[PDB]
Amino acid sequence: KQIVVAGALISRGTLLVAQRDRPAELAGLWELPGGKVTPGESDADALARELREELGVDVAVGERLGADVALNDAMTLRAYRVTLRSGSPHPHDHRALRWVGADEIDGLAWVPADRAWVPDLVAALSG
């Protein structure tokens, strides 16, 4: 399987979520930002690269957040906790970003794959 990595960036007690702009089926729906691992890259390399490109931030990649998600035949989607090293996130590829708290998680219009992590994200923001 091709691995797609995604980041749960928690800062000052809130989670960053990113509103996709493409393709039509997902445009307007919310995700943890990330992207495909390239051959030879570690998950950490890939996720840090994607978030630098997508958000303009330097992050440190930490523990897994939740379980793998079967995207399709070809792909598996993995989330990791990430934390900010430098920069402020801006939507270079996305329609919008938002900082959300625990009680906003389950009401967001998630992209279908990522919705699996809702309980994990609520827990990560709870307490």
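Don't overthink the numbering: it's just position in the shown sequence, from 1.
If you average the C-alpha B-factors over 78 to 86 and over 37 to 45, the higher value belongs to 37 to 45. Between the stretches 108 to 116 and 16 to 24, it is 108 to 116 that shows the larger average CA temperature factor. Taking only the listed residues 51, 67, 60, 97, the entry reports the highest CA temperature factor at 67.
When the Cα B-factors of 71, 32, 55, 29 are read from the PDB record, 71 comes out highest. Residue 125: CA B factor lies in the highest third for its chain, per the PDB record. In the deposited entry, the Cα temperature factor of residue 3 places it in the highest third of its chain's modelled residues.
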